[PDB]
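Q: can you look at this? It's an experimental structure, sequence on top.
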Amino acid sequence: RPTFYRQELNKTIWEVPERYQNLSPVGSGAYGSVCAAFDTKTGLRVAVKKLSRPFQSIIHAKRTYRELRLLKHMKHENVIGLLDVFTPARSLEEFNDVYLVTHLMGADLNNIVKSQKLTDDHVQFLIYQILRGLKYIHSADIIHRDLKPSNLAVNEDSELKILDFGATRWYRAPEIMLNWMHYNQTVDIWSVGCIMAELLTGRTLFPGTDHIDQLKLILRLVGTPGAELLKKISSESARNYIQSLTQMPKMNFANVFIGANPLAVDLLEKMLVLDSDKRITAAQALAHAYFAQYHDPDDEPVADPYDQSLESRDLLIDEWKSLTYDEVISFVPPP
Ligand SMILES: CC(C)(C)c1cc(NC(=O)Nc2nccs2)n(-c2ccc(CC(=O)O)cc2)n1
Ligand SMILES: CCCCCCCCO[C@@H]1O[C@H](CO)[C@@H](O)[C@H](O)[C@H]1O
Ligand SMILES: CCCCCCCCO[C@@H]1O[C@H](CO)[C@@H](O)[C@H](O)[C@H]1O
């Protein structure tokens, strides 16, 4: 067992191994809080997440277990991975707090586009990495669901990792916003399209003021649902309502992307398709000519399959807690 020390951070006492130094809050929410830190044992800048009352409720306990399991599973250059997980507890009976440690990287994509747009060459490298990470995540039968610039961590050399800390709706696929009976991994490709567009233009693609505005903006770029897609919407009244959200024909798509690489625009047109069944997949996108400088079919690895049964489980807090404890004590750090 490492030696721990205690300090007050974000209104609670954080108790962490002495290797972790210079803890500085960077974000907080209902589910927990995150500090930037320096890991003196590895010389790495790290993020340390303390879960907020991880076993207070069934939902908190389930989310705690899910996050630990997922992070333990992810072993890919472009996906955030677990560097460490710890608890100050010495037994299950005293187990009450969980801390997760990941690479910090140093910045996110929420920053770089404020003053000016990125070069096409830069966008190639950034989106290539997002898609490479996403191919991996999707291959594990995991849907991200909240891809956005603040969930994309980048270092000074623009090496990128996808994370989920756990403006808000600007990158969301329309079907998530419209409570589709089911949706699938194609929602993340929509998000990549929105992100890529923004890097190229320096501006948010669909900056909706609210839910309906968001949908109207989307419909104005990509067009009202066509005949094939309309068949996939059950409600007559819903289809009638849709037909009111547009008053003019759709625009020339390319007008948003003046002077852009034609291959970039072609890829964007293939990502930003209203009908999710028709969107390009991560694997297909990696093979698109836009990424010729980076694509290597032998260096775009896939994930071991993931036991996702626990996402639909209805369990007692103490079961989620015991399952989580097992995962904490069995953790082995990466080489
Ligand atoms: C693997 C990928 C990107 C999908 C991913 C990464 C993370 N987590 C993560 O990045 N944590 C970090 N800590 C510190 C720095 S980055 N989650 C995630 C999984 C589960 C839940 C719980 C819920 O579902 O609410 C929350 C987040 N998913
Ligand atoms: C804004 C009003 C129109 C929104 C239409 C979004 C259609 C999204 O695409 C739909 O995704 C569903 C979930 O994966 C699939 O079941 C459907 O087959 C697919 O057409
Ligand atoms: C643009 C705002 C108006 C949106 C109207 C379309 C709402 C689509 O409604 C959706 O249709 C799906 C397919 O039938 C169902 O599976 C979803 O449960 C339903 O929410």
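A: Perfect, I can see it now. Numbering: from 1, shown residues only. Ligands and ions are numbered 1, 2, ... in the order given.

Q: which element is residue 175 on?
A: Assigned by DSSP states H and E, residue 175 belongs to helix 174-177.

Q: my bad, should have said residue 322
A: helix 317-329.

Q: any buried residues in that helix, and which?
A: 317, 320-325, 327-328 (16 or more other Cβ atoms under 10 Å). Every C-beta, even on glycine, is put in place using the N, C-alpha and C of the backbone.

Q: which element follows the helix holding residue 175 toward the C-terminus?
A: Counting by DSSP H and E, the element after helix 174-177 in chain order, helix or strand, is helix 186-201.

Q: okay, the angle between the longest helix along the chain and helix 186-201?
A: Of all the segments of type helix in the chain, defined by DSSP state H, the longest one is helix 120-139. Angle of helix 120-139 versus helix 186-201, following axes from the mean of the first three to the mean of the last three Cα atoms, to 10 degrees, is 170 degrees.

Q: and helix 120-139, how far out from the chain middle?
A: Average the C-alpha atoms of helix 120-139, do the same for its chain, and the two points are 12 Å apart (Cα atoms, centre = their mean, to the nearest Å).

Q: ok, now stretch 130-147?
A: That offset, for stretch 130-147, works out to 8 Å (Cα atoms, centre = their mean).

Q: list the buried residues in that stretch.
A: Within stretch 130-147, the residues that qualify as buried are 130-140, 142-144, 146-147, counting by 16+ other Cβ under 10 Å.

Q: please apply the same query to stretch 47-63.
A: 47-52, 54-55, 60-63.

Q: the stretch 151-300 of the chain: helices as residue ranges?
A: Applying DSSP state H, counting those that start in this stretch to the stretch 151-300 of the chain gives helices spanning 174-177, 186-201, 211-222, 227-230, 236-242, 262-271, 282-286.

Q: hang on, the earlier thing: report whether the helix holding residue 175 contacts ligand 3.
A: No: Helix 174-177 is not in contact with ligand 3 by Cβ under 6 Å from any ligand atom; minimum separation 7.9 Å.

Q: report the contact partners of residue 76.
A: Residues near residue 76 by Cβ atoms under 8 Å, 6 or more residues apart in numbering: 132-133, 136, 301, 303.

Q: are we agreed that residue 34 is in a helix?
A: No: counting by DSSP: H, G, I helix; E, B strand; the rest coil, residue 34 is not part of a helix but strand.

Q: counting neighbours, what do you get for it?
A: Burial measure for residue 34: 22 neighbouring residues, criterion other Cβ atoms under 10 Å.

Q: from here on, call the first residue 532.
A: That works, and once the first residue is 532, the last one we named lands at residue 565.

Q: mind putting the contacts of residue 607 into JSON lines with distance to residue 570?
A: Shown next, in JSON lines, are these (distance: Cβ to Cβ, whole Å):
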{"residue": "663", "distance to residue 570": "26"}
{"residue": "664", "distance to residue 570": "23"}
{"residue": "667", "distance to residue 570": "25"}
{"residue": "832", "distance to residue 570": "26"}
{"residue": "834", "distance to residue 570": "26"}
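
Q: identify the farthest-apart pair in the residues you listed.
A: 663 and 834 (12.1 Å; Cβ to Cβ).

Q: what residues does the stretch 732-866 of the chain put near ligand 2?
A: Applying Cβ under 6 Å from any ligand atom, we find that the stretch 732-866 of the chain lies next to ligand 2 at 746, 749-750, 756, 760, 763, 773, 805-808.

Q: can you pick the most crowded of these?
A: Of those, with other Cβ under 10 Å as the count, residue 749 tops at 22 neighbours.

Q: just checking, what packs against the longest helix of the chain?
A: Judged by 3 or more Cβ pairs under 8 Å, 6 or more residues apart in numbering; DSSP states H and E, helix 651-670 is in contact with strand 691-693, helix 717-732, helix 813-817.

Q: quick one: is it near ligand 2?
A: No: figure legend: helix 651-670 not in contact with ligand 2 (Cβ under 6 Å from any ligand atom); closest approach 13.6 Å.

Q: near the residue nearest to residue 770 when sequence neighbours are not counted, how many other residues are there?
A: Spatially, and ignoring its direct neighbours in sequence, residue 770 is nearest to residue 764 (5.5 Å; Cβ to Cβ, 6 or more residues apart in numbering). Neighbours of residue 764 under the rule other Cβ under 10 Å: 13.

Q: hmm, residue 756 and residue 764 touching each other?
A: Yes: between residue 764 and residue 756 there is a contact under Cβ atoms under 8 Å: 7.0 Å.

Q: hmm, back to that, reformat the buried residues of stretch 578-594 as JSON lines; add distance to residue 865 and secondary structure.
A: Listed next are those as JSON lines, based on distance: Cβ to Cβ, whole Å; DSSP: H, G, I helix; E, B strand; the rest coil:
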{"residue": "578", "distance to residue 865": "15", "secondary structure": "strand"}
{"residue": "579", "distance to residue 865": "16", "secondary structure": "strand"}
{"residue": "580", "distance to residue 865": "17", "secondary structure": "strand"}
{"residue": "581", "distance to residue 865": "21", "secondary structure": "strand"}
{"residue": "582", "distance to residue 865": "21", "secondary structure": "strand"}
{"residue": "583", "distance to residue 865": "26", "secondary structure": "coil"}
{"residue": "585", "distance to residue 865": "23", "secondary structure": "coil"}
{"residue": "586", "distance to residue 865": "27", "secondary structure": "coil"}
{"residue": "591", "distance to residue 865": "27", "secondary structure": "helix"}
{"residue": "592", "distance to residue 865": "26", "secondary structure": "helix"}
{"residue": "593", "distance to residue 865": "26", "secondary structure": "helix"}
{"residue": "594", "distance to residue 865": "23", "secondary structure": "helix"}
